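Visitor: The data below comprise the sequence and an experimental structure of the protein.
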Amino acid sequence: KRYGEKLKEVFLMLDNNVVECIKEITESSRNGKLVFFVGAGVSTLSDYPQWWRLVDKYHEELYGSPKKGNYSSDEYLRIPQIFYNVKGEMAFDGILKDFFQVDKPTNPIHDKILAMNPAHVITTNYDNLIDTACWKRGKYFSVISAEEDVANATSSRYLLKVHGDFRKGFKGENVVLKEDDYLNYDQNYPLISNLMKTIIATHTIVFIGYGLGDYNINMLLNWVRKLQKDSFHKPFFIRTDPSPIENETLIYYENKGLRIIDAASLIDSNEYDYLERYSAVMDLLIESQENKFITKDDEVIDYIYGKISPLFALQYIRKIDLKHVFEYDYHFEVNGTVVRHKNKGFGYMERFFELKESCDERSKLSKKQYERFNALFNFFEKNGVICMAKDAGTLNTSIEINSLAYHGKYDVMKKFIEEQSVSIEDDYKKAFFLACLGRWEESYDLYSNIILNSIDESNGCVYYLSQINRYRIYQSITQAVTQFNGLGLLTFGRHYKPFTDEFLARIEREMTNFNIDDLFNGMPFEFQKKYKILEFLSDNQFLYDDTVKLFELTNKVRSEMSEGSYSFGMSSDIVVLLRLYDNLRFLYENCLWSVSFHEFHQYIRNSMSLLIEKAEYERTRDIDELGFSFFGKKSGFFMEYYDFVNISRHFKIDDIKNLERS
Amino acid sequence: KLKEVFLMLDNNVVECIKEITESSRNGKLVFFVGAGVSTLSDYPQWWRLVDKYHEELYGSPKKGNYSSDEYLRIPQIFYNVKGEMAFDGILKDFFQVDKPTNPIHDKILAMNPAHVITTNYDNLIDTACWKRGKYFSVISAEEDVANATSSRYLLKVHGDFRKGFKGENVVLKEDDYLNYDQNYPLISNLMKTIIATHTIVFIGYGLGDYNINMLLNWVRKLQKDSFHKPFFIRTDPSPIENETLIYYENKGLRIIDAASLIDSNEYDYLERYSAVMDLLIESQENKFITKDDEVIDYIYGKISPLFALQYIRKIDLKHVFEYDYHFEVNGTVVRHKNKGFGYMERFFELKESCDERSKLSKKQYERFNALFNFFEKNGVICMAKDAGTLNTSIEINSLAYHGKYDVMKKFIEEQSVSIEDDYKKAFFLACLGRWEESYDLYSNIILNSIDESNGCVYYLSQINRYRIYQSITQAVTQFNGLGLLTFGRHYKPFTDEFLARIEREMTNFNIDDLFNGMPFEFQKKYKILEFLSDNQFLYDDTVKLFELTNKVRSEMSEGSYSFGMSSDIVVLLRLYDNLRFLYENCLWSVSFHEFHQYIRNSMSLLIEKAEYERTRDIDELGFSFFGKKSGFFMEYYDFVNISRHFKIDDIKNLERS
Ligand SMILES: NC(=O)c1ccc[n+]([C@@H]2O[C@H](COP(=O)([O-])OP(=O)(O)OC[C@H]3O[C@@H](n4cnc5c(N)ncnc54)[C@H](O)[C@@H]3O)[C@@H](O)[C@H]2O)c1
Ligand SMILES: NC(=O)c1ccc[n+]([C@@H]2O[C@H](COP(=O)([O-])OP(=O)(O)OC[C@H]3O[C@@H](n4cnc5c(N)ncnc54)[C@H](O)[C@@H]3O)[C@@H](O)[C@H]2O)c1
């Protein structure tokens, strides 16, 4: 608690450089492209026998007593080999076994490194501690200690254990410890050597547990020396030695390709408080990831703008989608009021609403922030966002859909189609209108053209939506052809051929072995991060949770005793109606063809029928409980133009008769 | 016609085709695309330019086959003597030209390759990609590796002229090849890491290619049998001899000579390409069930992982076989969306006939026995058309269902011997009133399941622990706020430290990603369990109940009287199947409120239908002797269900109605 503030004090103290390091690392963490090269120090915390202690065992067994001290890199690798060569190989394995067979505990740092959502973890350790913490937390990684495993992996995420491991047996052949092990590494570990390097090239590397004079750190530095300048992202280093890095050192290693983050300088601790140093440099990143470090109105404005700007390409956003956009930090209700939800940090949305309420506070902001605030205000007013539920009141709700297709303006749609397009969005709307009028070959051609142009235009959204709509158009064409060939000729009295053989053959040939499941995955990770809410558009079926939620309308105990638990003092009727309206508006305003499928019609029918049945039952129970004059002819369900058109479009004669007689 | 080709395909060919297809359905195939593919699109073959340099340098063509040396030297002699400008001039002239995406390009992208490494300077693979609508990050220069934005890559290992038709952006002359790893260290490694972790299928190269031969000399060094032998799609007119087939096969390759697959004239290239490319590999994407033993092996492969569980819902089986057949609640099997050999019908025929079972070879009768036992226990009887007199029975062996609390206490007290006993003990503790002990035991099981296993018990323990934590949180919420008034005292079932610890431990846990984070092998083997992590477990049954309620109430209003089987039997069958599945697998989902509501609705509809069918014996039997006898009557299981899943208000309402 007090330290929490001290962590923030450290955070305040962080020079721009440490903040930048933390910044890129935290962004990388989120992108899914961080890797941690975890060395020995992170396990000396768990007391895993340090190496000098084993090099020392060998010195004492070999010659007779411990060395002077300061084993260099050479002695680190040669005393093990001398013993191996002179005292034996089966003894070498016994010394190892005695020290390394001891099961140690798992440190706090092991879960922090894993808390940052590391894409992979490279490690020059034989211990199975990263590999146990992984399991405790549930993070499944593919451990690669041996060459044989490089190809027999399962996940793309990896626990690359360079320098082997004792999973197969405590023998110095299953690990890299002595001089020859390190000398012939490339020859004896070709695939693991490469896997480490490709990962270093692509993902961001944050070293933790190594010295700057470590053998491995300086080996990688010589490889990176070869790499082309700016062909690689510089790796970060976490120096947890117990003192400030001599500025000279900082520079040399900085130029060699490191970006040190000395903990000794970021906090103050005793000479032997190694864990403290780790936690300091490690916590700044963890908290920073959570965006807990934020105080200014400009900061929350920038955060919300960065989160919201990509959605401007759309026309309407469902209230449920906003929950996923903000990562469950807030609940977005159909009523338009938003509430806090598992948010441990600054109330940025509270600040945004407070700014909206008061003009002077808005004037306090800068000019660019003022423009961003204006844009966000416009977007929120369009999508229907109100202040917090605490500050709520007699909020109203009206349904309005801006779409010529919904209102059946066939003449206006044809006139628009006949016009000359000016933008790709106009082409998308034209294709949707063509599909709505039954002209499906023209819609397919226009969607193909839009797909061809968007990829070059860098319009990922239109590209994705056009691909989905083209697939749906192809499916509709296929089912229509099957129906016409199966029964169309009989009922019509004559065989009808709306589509020529050449077009059918061409579409069959072009869309062969097509898979809509992998469409979203292949898009760049930037798009997947910005527009994740659209993933559900690629699923085979949807609107299942909404259908399941209809059970509440079938409840009977509510009439005897109802608490209005749904939302805040709202019945399930209003919630379901607003959910249906939101779904309808989102589908119709975004020009999506999925409206024309059986599932949507069935969902609409079920919702409307259950709502009307609940209204009738409520009226009957009200009449029964009180006198007949009380609600004798009261109508618990009120209809409007939108309900009329919905019923007309989505109900059959049998459904209407069943509703009327029910 | 390809049927004959298929028939002819030797075991070798079909084995190659099998692995290539299967790797693709997993997402691990990679195509090494060479020059030939682009010559199908009449792109200047290299020797055309080697010969252009050999003419502007010397004065004529080499009138001979360019060796591996002259391919790389003639370009360099010209560069060293005629300069960079002209070198790049001929480059612009021959290569600044548009050519069409040949058919083989699309075939390749139809295999949905994970990556496409290529030694081509052209952009034909890239165009086919955009046209197909398949994205790939193109890496053709060192810098591109660090700035890529996708997992998939179009690694152009010899550069491309996308940055201009200069020779500085490509590998063609000799110095470029000699200093390759020095100049392209990142792309060199990337290719090699993919080769190691993906199945490579070369296409567009000859066995004597410089590149093919260099890769093979590196695989020699791998020297740990840690590499998947790369397939090589030969497509030269003549048939590959045997001496070479042996030598190059030993050197690391798996040749698939198209000449052997299909006969052709000396210059029929797109023909040899297509046959091996799609008319075989792509056309063989399906199964090859043609023997009495392959049926048993396939069924055992699809059914073995389910042995870890105790019972399987019949409806869920629809997803096990990928919609190949419809499984009905009454135990009947119907064909649906299956165009290949009928293997379940063959299995049923073998079950009926003992001689067919005797025909099975050794080591396969035990698998048939296990499958027969599993199907008999699950209740699958036979195919629909051969249906006999189906029967209905109820049997739940779960101890907690019958409310034998003392027996569960004794079981908990007794020592455990296997993690299954620990799971049962955790379920018993949850059903007895110990949330802390159940949580601790679930955590213990999660910790101790590190050893090799199917990963099922670990996943179920995680889900159960999450649900138990949710129940603990709700209990605390209604204790600290309402427990004071309910009992008049501040009841403290759990200490603050335990609550804080459990809150801290899973503050980052997200049930949504629990299934995705599991190994890929588990996902393709135990996919049915995914629905256990959301309300999708109870979607189809609820819709069916709604439809049946609507139909039954419509018939009630009409007043018709059928003389056949009751139309609400499916509701009872689904209800009992769901109860058995949830109770025999020791799952906490039995405690959910939506499950209680569904049970209440189903039994209320059943009771209403029974009450209506009770009174019909006075109208239909009063005007004519013709009538019916079938009905519904109370029993122990229904009594327990009602006592557990109904409130006093619902029972009073049913009594009134
Ligand atoms: N060969 C030797 O130099 C030698 C000989 C005898 C004793 N020691 C002892 O070993 C200790 C560490 O030296 P080293 O061999 O690891 O090389 P080192 O000090 O270069 O270690 C590099 C990294 O290991 C981490 N680390 C070191 N000791 C740690 C600890 N106790 N807990 C957590 N992290 C730790 C540090 O954060 C550092 O970043 C020294 O304090 C020294 O007393 C070293
Ligand atoms: N040796 C030369 O440099 C040279 C000189 C002049 C003419 N040619 C002519 O060019 C042809 C191929 O020359 P190469 O040295 O590249 O052969 P190659 O064997 O090196 O070709 C490599 C791969 O490309 C394939 N391939 C060859 N021609 C193809 C085509 N037109 N379409 C599709 N795939 C094709 C081959 O089957 C082989 O698998 C020869 O038939 C020859 O008549 C070659």
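Guide: Everything's here; your move. Residues are numbered from 1 along each chain as shown, chains lettered A, B, ... in the order given. Ligands and ions are numbered 1, 2, ... in the order given.
Visitor: what's the burial count for the nearest residue to residue A:65 once chain neighbours are set aside?
Guide: Distances taken as C-beta to C-beta, 6 or more residues apart in numbering or on different chains put residue A:59 closest to residue A:65, at 7.6 Å, once the chain neighbours are dropped. Just so you know, the C-beta spots here come from the backbone N, C-alpha and C atoms, and that holds for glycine as well. Using other C-beta atoms under 10 Å in any protein chain shown, residue A:59 has 20 neighbouring residues.
Visitor: wait, does the helix or strand hosting residue A:59 contact ligand 1?
Guide: In the assignment (DSSP states H and E), residue A:59 maps to helix A:51-62. Yes: for helix A:51-62, a contact with ligand 1 is found by C-beta under 6 Å from any ligand atom, at residue A:52.
Visitor: Assign the residue nearest to residue A:49 when sequence neighbours are not counted to helix, strand or coil.
Guide: In this structure, residue A:49 finds its nearest non-sequential neighbour in residue A:99, 4.1 Å apart by C-beta to C-beta, 6+ apart. Assigned by DSSP: H, G, I helix; E, B strand; the rest coil, the conformation of residue A:99 is helix.
Visitor: Tally up the residues packed near residue A:99, please.
Guide: Residues lying near residue A:99 (other C-beta under 10 Å) number 16.
Visitor: What parts of the stretch 351-500 of chain A come near chain B?
Guide: When proximity is defined as C-beta under 8 Å from any C-beta of the partner chain, the stretch 351-500 of chain A approaches chain B at A:451-452, A:455-456, A:467.
Visitor: State the pair within the residues you listed that is farthest apart.
Guide: For those, the maximum inter-member distance is 14.9 Å, found between A:456 and A:467 (C-beta to C-beta).
Visitor: Name the residues that touch the helix holding residue A:59?
Guide: A:40, A:65-67, A:71, A:75-76, A:79-80, A:82-83, A:86-87, A:91-92, A:95-96, A:99, A:177 (C-beta atoms under 8 Å, 6 or more residues apart in numbering or on different chains).
Visitor: thinking again about what came up before, more neighbours: which of residue A:456 and residue A:467?
Guide: Counted by other C-beta under 10 Å, residue A:456 and residue A:467 do not tie: residue A:467 has more neighbours, with 20 against 9.
Visitor: List the residues that contact that one.
Guide: With C-beta under 8 Å, 6+ apart, residue A:467 has these contacts: A:447, A:451, A:519, B:133.
Visitor: So what does the residue in the stretch 551-662 of chain A that chain B sits nearest to have for phi and psi?
Guide: Residue nearest to chain B within the stretch 551-662 of chain A: residue A:557 (5.0 Å; C-beta to the nearest C-beta). Residue A:557 adopts backbone torsions of phi -70, psi -20, taken as degrees, to the nearest 10.
Visitor: residues in contact with it?
Guide: B:647, B:649-650.
Visitor: Then residue A:320?
Guide: Residue A:320 touches A:332, A:582, counting by C-beta under 8 Å, 6+ apart.
Visitor: Spatially central, which residue of chain A would that be?
Guide: residue A:529 (6.0 Å; C-alpha atoms, centre = their mean).
Visitor: quick one, what contacts whichever residue of the stretch 1-150 of chain A sits closest to ligand 1?
Guide: As assessed by C-beta to the nearest ligand atom, ligand 1 sits closest to residue A:41 within the stretch 1-150 of chain A, at 2.7 Å. By C-beta under 8 Å, 6+ apart, residue A:41 lies in contact with A:208-210, A:240, A:274, A:278.
Visitor: go with 10 Å
Guide: Residues near residue A:41 by C-beta atoms under 10 Å, 6 or more residues apart in numbering or on different chains: A:50, A:109, A:208-211, A:214, A:238, A:240-241, A:274-275, A:277-278.
Visitor: Which of the contacts of residue A:467 fall within helices?
Guide: A:447, A:451, A:519 (DSSP state H).
Visitor: my guess is the last one contacts residue A:466, does it?
Guide: No: with contact taken as C-beta atoms under 10 Å, residue A:519 and residue A:466 are classed as non-touching, separated by 11.3 Å.
Visitor: who has more neighbours, those two?
Guide: Remark: of residue A:519 and residue A:466, residue A:466 carries more neighbours, 27 against 20, as counted by other C-beta under 10 Å.
Visitor: Do I have it right that that one meets residue A:435?
Guide: No: using C-beta under 10 Å, residue A:466 is not in contact with residue A:435, being 11.4 Å away.
Visitor: Need the residues touching each of these two.
Guide: By C-beta under 10 Å, 6+ apart, the residues touching both residue A:466 and residue A:435 are A:446-447, A:591.
Visitor: Let's see if you can find the most crowded of these.
Guide: residue A:447 (27 neighbours).
Visitor: That one against residue A:424, yeah?
Guide: No: Residue A:447 lies out of contact with residue A:424 (C-beta under 10 Å); the separation is 11.4 Å.
Visitor: where do the contact lists of those two overlap?
Guide: residue A:466.
Visitor: neighbours of the closest residue to residue A:634 other than its chain neighbours, just the number please.
Guide: Leaving aside its sequence neighbours, residue A:634 sits nearest to residue A:619 (C-beta to C-beta, 6+ apart; 5.9 Å). Residue A:619 has 17 neighbours, counted by other C-beta under 10 Å.
Visitor: Show me what residue of the stretch 501-650 of chain A gets nearest to ligand 2.
Guide: Closest point on the stretch 501-650 of chain A to ligand 2, by C-beta to the nearest ligand atom, is residue A:509, at 21.4 Å.
Visitor: before we move on, the earlier item: please report the distance of the residue nearest to residue A:65 from chain B.
Guide: Here residue A:59 is placed at a distance of 33 Å from chain B (C-beta to the nearest C-beta, to the nearest Å).
Visitor: Residue A:161 now?
Guide: 15 Å.
Visitor: swap in residue A:505?
Guide: 15 Å.
Visitor: and that residue, how many neighbours?
Guide: Counted with other C-beta under 10 Å, residue A:505 comes out at 10.
Visitor: The stretch 201-350 of chain A: strands as residue ranges?
Guide: A:204-208, A:236-238, A:259-260, A:330-332, A:338-340 (DSSP state E, counting those that start in this stretch).
Visitor: partners of the third one in the sheet?
Guide: Each strand paired with strand A:259-260, and its direction, by DSSP bridges: strand A:236-238 (parallel).
Visitor: Please identify the deepest-packed of the strands of the stretch 201-350 of chain A.
Guide: Ranked by mean neighbour count, the strands of the stretch 201-350 of chain A are led by strand A:236-238 with a mean of 26 (mean count of other C-beta atoms under 10 Å in any protein chain shown).
Visitor: and it, does that touch ligand 1?
Guide: No: using C-beta under 6 Å from any ligand atom, strand A:236-238 stays clear of ligand 1, coming no nearer than 7.7 Å.
Visitor: Check the offset of that strand from the chain's centre.
Guide: 26 Å (C-alpha atoms, centre = their mean, to the nearest Å).
Visitor: again with stretch A:247-267
Guide: Centre to centre, stretch against its chain (C-alpha atoms, centre = their mean), the figure for stretch A:247-267 is 32 Å.
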